[PDB]
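Taking it in order: structure first as structure tokens, then the write-up.
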Amino acid sequence: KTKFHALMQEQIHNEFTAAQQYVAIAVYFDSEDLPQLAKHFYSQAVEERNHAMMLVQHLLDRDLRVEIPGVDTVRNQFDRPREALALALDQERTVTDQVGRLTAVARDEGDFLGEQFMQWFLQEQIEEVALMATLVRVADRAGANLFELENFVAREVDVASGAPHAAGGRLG
Amino acid sequence: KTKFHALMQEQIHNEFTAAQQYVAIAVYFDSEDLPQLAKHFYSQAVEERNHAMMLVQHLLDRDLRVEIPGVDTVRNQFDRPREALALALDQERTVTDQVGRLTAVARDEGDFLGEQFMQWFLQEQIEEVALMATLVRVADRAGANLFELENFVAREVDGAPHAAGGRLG
Amino acid sequence: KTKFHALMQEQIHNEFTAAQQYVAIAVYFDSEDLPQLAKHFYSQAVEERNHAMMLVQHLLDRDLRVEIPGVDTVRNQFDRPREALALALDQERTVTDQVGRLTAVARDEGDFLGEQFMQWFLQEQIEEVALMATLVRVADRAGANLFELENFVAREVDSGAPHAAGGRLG
Amino acid sequence: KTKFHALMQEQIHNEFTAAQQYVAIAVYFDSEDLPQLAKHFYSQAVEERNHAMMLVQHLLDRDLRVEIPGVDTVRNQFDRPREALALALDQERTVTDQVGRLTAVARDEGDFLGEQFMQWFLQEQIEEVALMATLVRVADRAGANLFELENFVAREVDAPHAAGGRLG
Amino acid sequence: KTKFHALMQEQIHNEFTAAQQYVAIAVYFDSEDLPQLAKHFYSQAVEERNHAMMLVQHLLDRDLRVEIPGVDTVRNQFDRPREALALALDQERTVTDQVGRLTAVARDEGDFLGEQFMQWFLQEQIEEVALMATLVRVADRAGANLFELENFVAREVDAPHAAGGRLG
Amino acid sequence: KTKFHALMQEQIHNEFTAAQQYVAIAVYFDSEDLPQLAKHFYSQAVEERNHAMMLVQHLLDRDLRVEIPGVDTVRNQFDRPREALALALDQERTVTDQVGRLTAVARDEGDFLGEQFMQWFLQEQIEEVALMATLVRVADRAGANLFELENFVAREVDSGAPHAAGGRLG
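Chains as they are written, first to last, in the authors' numbering: chain N, 8 to 166, 170 to 182; chain B, 8 to 165, 172 to 182; chain G, 8 to 165, 171 to 182; chain S, 8 to 165, 173 to 182; chain F, 8 to 165, 173 to 182; chain R, 8 to 165, 171 to 182.
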């Protein structure tokens, strides 16, 4: 078993866990009656699931063994919205590290196929982190006037022939 | 914390796990190059996620605490397609029991809202079990000419409470 | 063999027989030259057949043995339309009883699947009885001026239903 | 009561029974997970009901007494699909005989209206028997590969007034 | 007179009174120049009227005597919007209890028709309480900036036969 | 509190009660299986509610206090249709008097806004009374056949209006 292969298997687990964490954050917001934030995070959980499934599909394409893993417990309690957003930013930053390490490991093993495959993920991370950071600054500026944060999301947020195929198709 | 509330929380965990198990089965089929079976199980995983999210939505609606749980490890290794279909059938039968027990518990506690909410799930389980049982009998009849099972799926296999986050296709 | 399962098998028989009884009533009306009544009862016979086929489908879905039964003789002779409408009302009340007893029996055996499946039939019975009752009161008011009853049917008369085996017929 | 009238009343009974037998066969196939065969037999049962109602209509048209009868028990158990198809073929052959005899009897009593009315049923029988026979030969050739029989049905298997209108 | 029947008659009265209470709240909001809240409650009053009329229709369908009742006085004075929303939430919770008790009573008398008929009202209550609870929390968060509550309603906010048809 | 203002408040009560009385009549008809009559009275109850809500709107527009009132018990028992129609006619005549008196009272107090606002209601009463009177004469003539009264309603019985609080319902 190569390291890239082992590390990809870990990343599938990390991605499924990340997606579950977004669902928890979506449901937190929902229960706080912040529907624009909730709708955004429900959507973000579906996209992380898609990333996970792109990693599965890569191993499938290469005839490398792949396990659909279990998922670790995720955080459900937040003192307030800014704390959930902060967690989401931190998570995207963590994923950025993981993806960079996947690249480095493939480079080091001369796994050229793995290396090129990681490139799309690096670009996505650029923009995902940029978005989470934006949501954190805006939540900070909004303070307890959460309505402004909601208004910002409704207007400014969410309004790639490139992507790798996701096993089972890319969900909306 | 009522028993119905505790048991709903368990069910959400059971459903997310069931959904993960379907993804495993979908991926097994995909690796076996049985795309029609794979596509069907990917779709079934999305629906189970939906059921999970309908349970979440019910607790939300009632202002009862709800936790999005972790997910237990699921089975990835099968000797052959029929074995994965058998596991799916057994799973749907298990979910049917769990749903019956949720209803019973709500009846016993006089939770009339919980009881009526379970009804839709009972109907769905009727048809989901019938479908899984059909796939198993057809897989048996197809023996190792799996192509016939694929053809059957392509040709013959093609209201609800709100799901938190909306019902996914 | 559970009691619910046995009782569902009887109900299938009862529904096929109910459907045959509506055909006899439709034909009686047809022969009396009351085409609006006749058309409505032909339609009602198709719907009862559909109910029977929904019960069949339920057993099929659950892998429980199901027999397509024979049908008992039904009534063909009526002194007059009001007597046929009265028979139809009584029949729908009888079916209501049967459906309630199926529900009770499933509750009593903890057959949760069976119980939920009966619910749709209970709401249908509510409206079917209301309609038969209406036709009887209107026939009573019309007396021998059956034309008014025909006029009433032409002007005034006519979901998540469970799957019917073979599809729901019009 | 003429013999043609009596025999028409029997035929109405025979046809209601035949229709119920097709439903039994349709449900057998359905439970065996043979949906193409099932769908075809559900459809066949509706058409036999239609035939029965055409007979009812004919007596109605002639002001001859007509009873909607009860229906005899029908067969629900089959060892296998071929056995159900064989039963259906035999049944259509039996109906052909019955229809021939209705014709003969009307000829013999000088019931010209009855005789002409039977002619349509004679032509229908020709094709219905041909179809049942075809399904039996194809089921024989398919042996236990019932999927081929289903495939055949999906691809190759696509009037006097009926009291109450002709049902689809 | 069964208890279920007597209790349905009371529920018709309760529903008419509930509907009139929503009109009072709608008019309160209107006078406060909170048109989004007012429009929502006007629409809510029409829906409660619809519920009332579904209960009437059920008794009609069953040939059980039904009276269109009078309506009790309802509350018109509120110190502020959150107090009117609170009353609406309380009222929806109360209706939920009433509906549960209607179900229990029908179960206890073996009134299977009445029991199945109450089921739809249970599901509606689930969502109607969730919505009122949502409006109360949002009004709390908005405090005196009622404009935010209005903006929230404008953007985020918005069956058995009813005697006389379901009104919009 | 002016007399016009007080009397408008009473009128809002009278209108809500009138609307409730039409629902009672509609339901009586419905239970008698006279659907055309029933449909017409359901519709008439919705219109009276509208009138009520136009009065509410007028007080809203003028910043005068307005209470949504309770509703008095109304009549549910009728020996026969003609008796319910008679009650509706008498009710519309009573409302006509009430509206006249509101106008008079506004004239007497120099309430020019109230006076002009009452005018539309006077015109409506003209036609509503004419229609109720028509239904009564037709019901009298159709004593042997009430289906004729139904037929008449289906065929012969299906403006610059003031805003109704909450909008005018159909």
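Heads up, the beta-carbon is just placed ideally off N, CA and C, and yes, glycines get one too.
Got a sec, what are the start and stop residues for the alpha helix (DSSP H) residue i sits in?
i      : result
S/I133 : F119 to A149
R/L92  : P88 to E116
F/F159 : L153 to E163
Comparing C-alpha positions only, which one of the options sits nearest to residue i?
i                      : options                           : result
B/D97                  : B/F124, B/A25, B/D70 and B/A176   : B/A25
residue 169 of chain S : G/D37, G/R87 and G/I75            : No atoms are given for residue 169 of chain S, which sits in the stretch of chain S between 165 and 173 that the model skips.
R/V136                 : R/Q51, R/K8 and R/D115            : R/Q51
G/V34                  : S/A95, S/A45 and S/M60            : S/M60
S/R100                 : S/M15, S/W127 and S/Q132          : S/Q132
B/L142                 : B/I19, B/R69, B/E22 and B/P88     : B/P88
S/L92                  : S/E39, S/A146 and S/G117          : S/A146
G/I75                  : S/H20, S/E155, S/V30 and S/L156   : S/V30
B/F128                 : B/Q105, B/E116, B/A149 and B/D115 : B/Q105
N/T9                   : N/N83, N/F154, N/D115 and N/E55   : N/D115
S/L66                  : S/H12, S/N158 and S/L156          : S/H12
B/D86                  : B/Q64, B/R148, B/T103 and B/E39   : B/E39
S/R144                 : S/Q130, S/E90 and S/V102          : S/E90
Can you tell me whether residue i is helix, strand or coil according to DSSP?
i                      : result
S/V78                  : strand
S/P42                  : helix
G/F23                  : helix
S/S50                  : helix
B/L67                  : helix
S/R56                  : helix
S/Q84                  : coil
residue 171 of chain F : Absent from the coordinates is residue 171 of chain F, which sits in the stretch where chain F moves from 165 straight to 173.
N/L62                  : helix
G/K10                  : helix
B/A31                  : helix
Just to confirm before moving on: does the CB-CB distance between residue i and residue j stay below 8 Å?
i      : j      : result
G/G77  : S/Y49  : no
B/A161 : B/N57  : no
R/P174 : R/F124 : yes
N/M139 : N/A95  : yes
N/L109 : N/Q18  : yes
G/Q27  : G/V112 : no
F/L181 : F/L41  : no
G/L62  : G/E22  : yes
R/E157 : R/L44  : yes
G/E134 : F/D68  : yes
B/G172 : G/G117 : no
N/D165 : N/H47  : yes
**Interfacial residues, the region 58 to 74 of chain N to chain B, with Cβ spacing under 7 Å** = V63, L67, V73 and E74
**Asked** Given a limit of 8 Å on CB to CB distance, which residues of the region 96 to 130 of chain F reach chain R?
**Response** none
**Item:** Residues of the region 130 to 151 of chain B with Cβ closer than 8 Å to any Cβ of chain G, in chain order
**Value:** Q130, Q132, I133, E134, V136, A137 and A140
**Request:** Could you name the residues of the region 76 to 88 of chain G whose beta carbon sits closer than 8 Å to any beta carbon of chain S, in the order they occur along the chain?
**Result:** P76, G77, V78, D79, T80, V81 and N83
**Prompt:** For the region 15 to 45 of chain G, which residues have a CB atom closer than 7 Å to at least one CB atom of chain S, in sequence order?
**Reply:** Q27, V30, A31, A33, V34, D37 and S38
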